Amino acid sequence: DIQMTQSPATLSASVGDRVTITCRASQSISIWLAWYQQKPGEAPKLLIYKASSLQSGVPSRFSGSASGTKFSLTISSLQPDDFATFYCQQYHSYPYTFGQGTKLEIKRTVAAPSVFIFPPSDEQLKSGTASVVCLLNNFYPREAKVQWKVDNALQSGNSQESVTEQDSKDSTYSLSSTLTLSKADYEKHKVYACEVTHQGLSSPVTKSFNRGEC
């Protein structure tokens, strides 16, 4: 098999930067090298074929070049919607082989999260369960600490977090933290508090509610 060595594994750069991704093959693949861009939730999209020809509709800031066995993909000035994982692939011979991928991260300015809280729905309580959702919206950088307090008692082991990929327009993240209790435990407490620490906040903030008030 022909092995494809793609470099680097991750790439961090700001908007307007020039970025270069390289791919080296373990033997001659001629110029039959493709570059793919895979945005979140999408199939890989063909950008460049024969090492240097742009697919129809690909922006001019994308370009490819070769050097026998060493291939390059260059974005001349990064844009936010360039966020994706990039893959090289030789299509010279079977089996097709892909590079390991380059995950492109967009650096940008700090942005505090918008912090919102959602009590459990009444319909969920009927089924016997209570989920409380804390939302951190459109922040940067990714590092954020979200804790739960119930009647001023710090929670552990009953919450789960999930974070989106960088937004294609403003390169921010969003995070959701879900605190899950039984209906019985939920109705024994009043104050449900989401505690949020983020570099964009001048002080750690509390978003909370009293059960049943709204």
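Note that residue numbering begins at 1 and tracks the sequence as displayed.
- As listed in the deposited structure, the average C-alpha B-factor of 67 to 75 and of 137 to 145 is greater for 67 to 75.
- Higher mean CA temperature factor between 148 to 156 and 174 to 182: 148 to 156, per the PDB entry.
- For the set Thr109, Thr102, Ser114, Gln89, the PDB entry puts the maximum C-alpha B factor at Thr109.
- Compared with the other modelled residues of the chain, the Cα B-factor recorded for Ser127 ranks in the highest third.
- Among the modelled residues of its chain, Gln27 has a C-alpha B-factor that falls in the highest third, as given in the PDB entry.
- Sort the modelled residues of the chain by CA B factor and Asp167 lands in the lowest third.
- Ranked within its chain, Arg61 lands in the highest third, by CA B factor from the PDB record.
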